[PDB]
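The chain that follows stands alone, in the form deposited in one PDB entry, written as C-alpha coordinates.
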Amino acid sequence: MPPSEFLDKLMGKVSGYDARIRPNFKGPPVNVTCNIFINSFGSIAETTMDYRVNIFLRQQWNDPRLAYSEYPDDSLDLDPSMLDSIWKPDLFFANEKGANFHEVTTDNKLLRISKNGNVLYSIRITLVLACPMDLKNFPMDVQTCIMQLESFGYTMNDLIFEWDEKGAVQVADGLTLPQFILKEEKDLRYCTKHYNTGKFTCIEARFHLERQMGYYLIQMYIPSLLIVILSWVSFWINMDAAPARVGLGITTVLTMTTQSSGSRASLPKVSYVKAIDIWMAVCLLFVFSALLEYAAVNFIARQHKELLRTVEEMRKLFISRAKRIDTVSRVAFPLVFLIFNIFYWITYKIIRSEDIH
(Lines give C-alpha, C1' and ligand atoms only; values in the text may rest on other atoms or scores of the structure.)
Protein backbone atom coordinates (compact mmCIF):
# COMPACT_ATOMS: atom_id res chain seq x y z
CA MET A 1 0.00 0.00 0.00
CA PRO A 2 1.29 3.48 -0.82
CA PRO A 3 1.66 5.95 2.06
CA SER A 4 0.35 8.95 0.07
CA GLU A 5 -3.03 7.36 -0.66
CA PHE A 6 -3.62 6.56 3.01
CA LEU A 7 -2.57 10.01 4.24
CA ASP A 8 -4.83 11.92 1.87
CA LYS A 9 -7.71 9.41 2.02
CA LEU A 10 -7.75 9.52 5.81
CA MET A 11 -7.76 13.26 6.46
CA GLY A 12 -8.29 15.04 3.16
CA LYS A 13 -10.90 16.24 0.69
CA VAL A 14 -12.42 12.86 -0.14
CA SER A 15 -13.01 12.35 3.57
CA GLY A 16 -16.02 14.07 5.12
CA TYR A 17 -13.79 15.28 7.98
CA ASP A 18 -14.61 18.89 8.82
CA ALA A 19 -11.94 20.31 11.13
CA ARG A 20 -14.28 22.97 12.55
CA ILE A 21 -16.59 20.53 14.39
CA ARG A 22 -15.77 18.91 17.72
CA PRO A 23 -15.82 15.11 18.00
CA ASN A 24 -19.02 13.63 19.48
CA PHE A 25 -21.08 16.62 18.37
CA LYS A 26 -24.41 17.00 20.22
CA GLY A 27 -22.99 14.50 22.69
CA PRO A 28 -21.15 14.05 25.98
CA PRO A 29 -18.18 16.40 26.56
CA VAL A 30 -14.76 15.52 25.14
CA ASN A 31 -12.48 14.40 27.98
CA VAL A 32 -8.84 15.57 27.85
CA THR A 33 -5.93 14.35 30.00
CA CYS A 34 -2.97 16.74 30.42
CA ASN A 35 0.64 15.72 31.22
CA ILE A 36 3.38 18.34 31.81
CA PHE A 37 7.20 17.94 31.71
CA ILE A 38 9.37 20.74 33.15
CA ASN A 39 12.54 21.25 31.11
CA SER A 40 14.13 24.28 32.84
CA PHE A 41 12.81 26.34 35.77
CA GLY A 42 14.52 29.72 35.99
CA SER A 43 14.62 33.51 36.40
CA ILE A 44 12.59 33.93 39.59
CA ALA A 45 12.46 37.59 40.60
CA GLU A 46 10.69 39.80 43.11
CA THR A 47 10.34 43.29 41.61
CA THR A 48 8.55 42.20 38.43
CA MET A 49 6.56 39.53 40.45
CA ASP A 50 6.99 36.69 37.93
CA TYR A 51 9.09 33.67 36.94
CA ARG A 52 10.12 31.92 33.70
CA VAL A 53 9.51 28.26 32.82
CA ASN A 54 10.10 26.08 29.73
CA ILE A 55 7.61 23.18 29.61
CA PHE A 56 6.65 20.21 27.40
CA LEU A 57 2.82 20.26 27.25
CA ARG A 58 1.18 16.91 26.38
CA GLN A 59 -2.58 16.40 25.95
CA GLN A 60 -4.48 13.27 24.87
CA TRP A 61 -8.08 12.93 23.68
CA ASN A 62 -10.20 10.42 21.76
CA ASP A 63 -11.85 10.79 18.36
CA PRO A 64 -14.52 8.44 16.93
CA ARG A 65 -13.25 9.33 13.46
CA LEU A 66 -9.55 8.77 12.56
CA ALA A 67 -9.91 5.05 13.27
CA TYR A 68 -8.14 3.33 10.39
CA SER A 69 -7.74 -0.40 11.25
CA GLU A 70 -6.30 -1.41 7.88
CA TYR A 71 -2.54 -1.18 8.36
CA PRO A 72 -1.11 -4.04 10.47
CA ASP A 73 0.71 -1.76 12.95
CA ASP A 74 -0.59 -0.22 16.16
CA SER A 75 0.43 3.46 16.00
CA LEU A 76 1.70 5.96 13.46
CA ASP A 77 4.18 8.81 13.84
CA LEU A 78 2.89 11.41 11.40
CA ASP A 79 4.55 14.52 10.06
CA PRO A 80 4.10 17.68 12.18
CA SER A 81 3.35 20.05 9.30
CA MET A 82 -0.21 18.77 8.84
CA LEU A 83 -1.40 19.75 12.32
CA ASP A 84 -3.74 22.30 10.76
CA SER A 85 -6.17 19.70 9.40
CA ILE A 86 -7.37 18.27 12.76
CA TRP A 87 -9.31 19.41 15.82
CA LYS A 88 -6.82 20.80 18.27
CA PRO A 89 -8.47 22.04 21.49
CA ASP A 90 -8.01 25.60 22.69
CA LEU A 91 -5.92 26.10 25.82
CA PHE A 92 -4.47 29.20 27.46
CA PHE A 93 -2.99 30.22 30.79
CA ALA A 94 -4.65 32.91 32.93
CA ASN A 95 -1.37 34.44 34.12
CA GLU A 96 0.05 34.69 30.60
CA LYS A 97 3.02 36.88 29.65
CA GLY A 98 5.35 36.14 26.74
CA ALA A 99 4.53 32.51 25.74
CA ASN A 100 6.11 32.49 22.24
CA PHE A 101 6.68 29.14 20.46
CA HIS A 102 10.10 27.67 19.58
CA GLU A 103 10.54 27.15 15.81
CA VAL A 104 14.21 26.38 15.07
CA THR A 105 14.77 24.73 11.63
CA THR A 106 11.51 22.80 12.02
CA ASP A 107 8.53 23.49 14.29
CA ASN A 108 8.85 21.67 17.63
CA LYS A 109 5.67 19.64 17.36
CA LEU A 110 4.69 15.98 17.69
CA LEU A 111 1.75 13.94 16.36
CA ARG A 112 0.78 10.33 17.07
CA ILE A 113 -2.42 8.38 16.33
CA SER A 114 -3.53 4.94 17.51
CA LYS A 115 -5.89 2.39 15.98
CA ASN A 116 -8.85 3.27 18.19
CA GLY A 117 -8.45 7.03 17.72
CA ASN A 118 -6.37 8.17 20.68
CA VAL A 119 -4.13 11.07 19.65
CA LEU A 120 -0.99 12.49 21.30
CA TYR A 121 -0.10 16.20 20.95
CA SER A 122 3.21 17.58 22.27
CA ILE A 123 4.22 21.28 22.22
CA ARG A 124 7.34 23.07 23.53
CA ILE A 125 6.60 26.57 24.95
CA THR A 126 8.44 29.03 27.22
CA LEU A 127 6.06 30.72 29.71
CA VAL A 128 6.48 33.92 31.72
CA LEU A 129 4.01 33.38 34.60
CA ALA A 130 3.01 35.86 37.31
CA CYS A 131 3.41 34.72 40.94
CA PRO A 132 1.96 37.08 43.65
CA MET A 133 4.47 36.30 46.40
CA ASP A 134 3.91 37.47 49.99
CA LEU A 135 7.07 38.79 51.66
CA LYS A 136 5.88 38.77 55.28
CA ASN A 137 9.12 37.01 56.32
CA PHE A 138 11.78 38.08 53.81
CA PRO A 139 14.96 36.02 54.52
CA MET A 140 13.09 32.84 55.54
CA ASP A 141 10.04 32.06 53.43
CA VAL A 142 8.12 29.55 51.36
CA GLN A 143 6.52 30.76 48.14
CA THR A 144 3.66 29.07 46.28
CA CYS A 145 3.44 29.73 42.54
CA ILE A 146 0.37 28.92 40.46
CA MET A 147 -0.03 27.48 36.95
CA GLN A 148 -3.56 27.50 35.47
CA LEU A 149 -4.81 25.75 32.30
CA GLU A 150 -8.31 26.63 31.08
CA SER A 151 -10.57 26.70 28.02
CA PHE A 152 -11.25 30.14 26.53
CA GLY A 153 -14.12 29.37 24.18
CA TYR A 154 -16.05 26.28 25.28
CA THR A 155 -18.39 25.81 28.25
CA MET A 156 -18.61 22.87 30.69
CA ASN A 157 -20.85 20.88 28.32
CA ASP A 158 -17.72 20.38 26.12
CA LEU A 159 -13.94 19.91 26.61
CA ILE A 160 -13.71 18.91 30.28
CA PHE A 161 -10.03 18.99 31.35
CA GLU A 162 -8.76 16.14 33.55
CA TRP A 163 -5.37 15.47 35.11
CA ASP A 164 -3.39 12.25 34.66
CA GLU A 165 -3.33 9.72 37.50
CA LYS A 166 0.29 8.63 36.99
CA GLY A 167 3.23 10.95 36.30
CA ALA A 168 1.21 14.17 36.06
CA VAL A 169 4.22 16.45 36.69
CA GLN A 170 7.77 15.44 35.82
CA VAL A 171 11.08 17.28 36.23
CA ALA A 172 14.30 16.89 34.24
CA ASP A 173 17.10 15.08 36.05
CA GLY A 174 19.80 17.22 37.64
CA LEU A 175 17.84 20.48 37.60
CA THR A 176 18.91 23.04 40.19
CA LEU A 177 18.11 26.63 41.07
CA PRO A 178 20.81 28.97 42.42
CA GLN A 179 18.58 30.79 44.93
CA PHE A 180 15.68 28.40 45.76
CA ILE A 181 15.18 24.70 46.55
CA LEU A 182 12.23 23.01 44.83
CA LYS A 183 10.11 20.61 46.93
CA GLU A 184 8.96 17.24 45.58
CA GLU A 185 5.30 17.56 46.59
CA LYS A 186 3.41 19.17 43.63
CA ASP A 187 -0.17 19.08 44.95
CA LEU A 188 -2.77 19.18 42.16
CA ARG A 189 -6.33 20.48 42.42
CA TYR A 190 -8.83 22.02 40.00
CA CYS A 191 -10.95 25.16 40.39
CA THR A 192 -13.77 26.00 37.97
CA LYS A 193 -14.21 29.54 36.58
CA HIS A 194 -17.54 31.40 36.54
CA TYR A 195 -18.27 34.28 34.15
CA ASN A 196 -21.36 36.10 32.92
CA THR A 197 -20.96 34.36 29.55
CA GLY A 198 -20.78 30.93 31.18
CA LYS A 199 -18.89 28.52 33.42
CA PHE A 200 -15.51 27.27 32.12
CA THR A 201 -13.27 24.38 33.17
CA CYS A 202 -9.81 24.92 34.68
CA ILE A 203 -7.03 22.90 36.35
CA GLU A 204 -4.24 24.14 38.63
CA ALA A 205 -0.72 23.02 39.60
CA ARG A 206 1.24 24.28 42.63
CA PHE A 207 4.99 24.38 43.29
CA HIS A 208 6.63 25.02 46.68
CA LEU A 209 9.93 26.93 46.90
CA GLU A 210 12.37 27.36 49.82
CA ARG A 211 14.82 30.25 49.83
CA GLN A 212 18.45 29.62 50.76
CA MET A 213 19.68 31.40 53.90
CA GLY A 214 23.38 31.14 52.97
CA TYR A 215 23.82 34.28 50.87
CA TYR A 216 21.76 36.63 53.02
CA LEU A 217 23.79 35.84 56.15
CA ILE A 218 27.12 36.79 54.60
CA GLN A 219 25.89 39.99 52.93
CA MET A 220 23.80 41.37 55.74
CA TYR A 221 23.78 39.49 59.06
CA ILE A 222 27.57 39.24 59.53
CA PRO A 223 28.64 42.85 58.59
CA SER A 224 25.90 44.48 60.66
CA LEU A 225 26.95 42.32 63.61
CA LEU A 226 30.52 43.45 62.81
CA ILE A 227 29.55 47.13 63.03
CA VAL A 228 27.88 46.29 66.35
CA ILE A 229 31.10 44.52 67.48
CA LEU A 230 33.06 47.61 66.42
CA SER A 231 30.94 49.54 68.90
CA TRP A 232 30.81 47.02 71.81
CA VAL A 233 34.33 47.33 73.27
CA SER A 234 36.16 49.71 70.99
CA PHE A 235 35.28 53.08 72.54
CA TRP A 236 34.24 52.07 76.10
CA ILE A 237 37.90 51.18 76.73
CA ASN A 238 39.02 54.61 75.47
CA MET A 239 39.60 57.60 77.76
CA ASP A 240 36.58 59.69 78.75
CA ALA A 241 38.07 62.97 77.51
CA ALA A 242 38.25 61.97 73.86
CA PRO A 243 36.86 63.74 70.75
CA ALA A 244 37.59 60.63 68.72
CA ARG A 245 35.33 58.40 70.84
CA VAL A 246 32.25 60.37 69.76
CA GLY A 247 33.64 60.53 66.20
CA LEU A 248 33.93 56.72 66.18
CA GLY A 249 30.35 56.36 67.36
CA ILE A 250 28.86 58.88 64.92
CA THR A 251 30.62 57.25 61.94
CA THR A 252 29.39 53.77 62.97
CA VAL A 253 25.78 55.05 63.19
CA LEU A 254 26.13 56.72 59.80
CA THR A 255 27.52 53.79 57.85
CA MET A 256 25.12 51.26 59.41
CA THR A 257 22.08 53.38 58.41
CA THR A 258 23.60 53.68 54.90
CA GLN A 259 23.78 49.85 54.84
CA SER A 260 20.14 49.70 55.98
CA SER A 261 19.19 51.88 53.02
CA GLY A 262 21.35 49.64 50.81
CA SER A 263 19.53 46.43 51.84
CA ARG A 264 16.15 47.49 50.35
CA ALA A 265 17.20 47.74 46.72
CA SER A 266 15.94 44.68 44.80
CA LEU A 267 12.73 44.51 46.88
CA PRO A 268 9.44 45.86 45.49
CA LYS A 269 7.76 48.60 47.49
CA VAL A 270 5.39 47.19 50.15
CA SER A 271 3.47 48.71 53.06
CA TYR A 272 4.09 45.96 55.64
CA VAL A 273 7.31 45.41 57.60
CA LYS A 274 9.69 42.51 56.84
CA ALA A 275 11.84 40.60 59.36
CA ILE A 276 15.12 42.05 58.02
CA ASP A 277 13.73 45.53 58.77
CA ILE A 278 13.17 44.48 62.40
CA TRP A 279 16.77 43.29 62.73
CA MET A 280 18.23 46.45 61.18
CA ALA A 281 16.03 48.68 63.36
CA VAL A 282 17.16 46.91 66.56
CA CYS A 283 20.86 47.19 65.60
CA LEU A 284 20.37 50.89 64.86
CA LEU A 285 18.77 51.29 68.29
CA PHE A 286 21.85 49.82 70.03
CA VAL A 287 24.39 51.97 68.17
CA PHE A 288 22.28 55.12 68.81
CA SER A 289 22.15 54.20 72.50
CA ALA A 290 25.96 54.06 72.55
CA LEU A 291 26.13 57.81 71.78
CA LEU A 292 23.34 58.40 74.30
CA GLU A 293 25.44 56.86 77.09
CA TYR A 294 28.40 59.03 75.99
CA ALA A 295 26.28 62.19 76.28
CA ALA A 296 25.30 61.06 79.79
CA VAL A 297 28.87 60.51 81.04
CA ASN A 298 30.05 63.75 79.40
CA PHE A 299 27.30 65.73 81.17
CA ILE A 300 28.17 64.18 84.53
CA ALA A 301 31.88 64.91 83.96
CA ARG A 302 31.02 68.51 82.98
CA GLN A 303 29.25 68.98 86.34
CA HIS A 304 32.32 67.48 88.03
CA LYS A 305 34.65 69.94 86.26
CA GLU A 306 32.30 72.90 86.83
CA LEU A 307 32.15 72.39 90.58
CA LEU A 308 35.84 71.38 90.62
CA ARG A 309 36.98 74.81 89.35
CA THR A 310 33.40 69.09 100.55
CA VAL A 311 34.06 69.82 96.88
CA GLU A 312 36.61 66.98 96.65
CA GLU A 313 34.11 64.62 98.28
CA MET A 314 31.55 65.68 95.67
CA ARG A 315 34.25 65.38 92.99
CA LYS A 316 34.90 61.82 94.17
CA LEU A 317 31.16 61.14 94.14
CA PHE A 318 30.85 62.30 90.53
CA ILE A 319 33.83 60.29 89.23
CA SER A 320 32.57 57.24 91.14
CA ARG A 321 29.22 57.71 89.35
CA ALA A 322 31.13 57.78 86.06
CA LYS A 323 32.92 54.52 86.80
CA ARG A 324 29.72 52.76 87.93
CA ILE A 325 27.87 53.77 84.76
CA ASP A 326 30.63 52.69 82.40
CA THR A 327 31.40 49.31 84.03
CA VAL A 328 27.71 48.53 84.52
CA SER A 329 27.15 49.17 80.83
CA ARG A 330 30.20 47.06 79.85
CA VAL A 331 28.48 44.04 81.33
CA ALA A 332 24.80 45.12 80.97
CA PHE A 333 24.65 45.35 77.16
CA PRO A 334 25.85 41.80 76.09
CA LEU A 335 23.04 39.88 77.77
CA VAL A 336 20.20 41.91 76.23
CA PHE A 337 21.70 41.25 72.79
CA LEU A 338 21.95 37.55 73.59
CA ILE A 339 18.33 37.37 74.85
CA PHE A 340 17.25 39.17 71.67
CA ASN A 341 19.05 36.93 69.17
CA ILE A 342 17.87 33.74 70.89
CA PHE A 343 14.26 35.02 70.95
CA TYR A 344 14.30 36.15 67.30
CA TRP A 345 15.92 33.01 65.92
CA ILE A 346 13.70 30.59 67.87
CA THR A 347 10.49 32.42 66.89
CA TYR A 348 11.40 32.43 63.20
CA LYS A 349 12.35 28.73 63.24
CA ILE A 350 9.11 27.77 64.95
CA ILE A 351 6.93 29.91 62.66
CA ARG A 352 8.43 28.23 59.55
CA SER A 353 7.92 24.84 61.23
CA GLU A 354 4.24 25.64 61.91
CA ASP A 355 3.63 27.14 58.45
CA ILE A 356 5.11 24.23 56.46
CA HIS A 357 2.55 21.84 58.01
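Residue positions are given as counts along the sequence shown, with the first one as 1. So that the term is clear: the rigid core is the largest set of C-alpha atoms that superpose within 1.5 Å between two forms.
Asker: Is residue 70 a gap in at least one third of the other compared entries?
Answerer: No, residue 70 is modelled in every other compared entry.
Asker: Please check residue 47 against the other PDB entries of this protein that were compared: is it missing in at least a third of those that model both its neighbours?
Answerer: Per the records, residue 47 is modelled in all the other entries.
Asker: What number of residues from the deposited sequence go unmodelled in the gap from residue 309 to residue 310, classed as none, 1 to 3, 4 to 9, or 10 or more?
Answerer: The entry has 10 or more unmodelled residues between residue 309 and residue 310.
The same protein has a further form, the form deposited in another entry, not shown here; the description that follows concerns it.
Asker: Please look at 31, 327, 40, 43 and say which one has a C-alpha shift reaching 2 Å or more between the shown form and the other one, core superposed.
Answerer: It is 327.
Asker: Given a superposition on the rigid core, I'd like a yes or no on whether residue 273 shifts its C-alpha by 2 Å or more between the shown form and the other one.
Answerer: Yes: residue 273 shifts by at least 2 Å between the shown form and the other one.
Asker: Tell me whether residue 90 is among the residues that move between the shown form and the other one (Cα shift of 2 angstroms or more, core superposed).
Answerer: No.
Asker: Answer yes if the Cα of residue 264 shifts by 2 angstroms or more between the shown form and the other one on a rigid-core superposition, and no otherwise.
Answerer: It does shift by 2 Å or more.
Asker: Please check whether, in the other entry, the CA atoms of residue 139 and residue 268 lie closer or farther apart than here, given a change of 3 Å or more.
Answerer: The answer is closer, because the C-alphas of residue 139 and residue 268 approach each other in the other entry by 3 Å or more.
Asker: Versus the form shown, are the CA atoms of residue 146 and residue 266 closer or farther apart in the other entry, given a shift of 3 angstroms or more?
Answerer: Residue 146 and residue 266 sit farther apart in the other entry.
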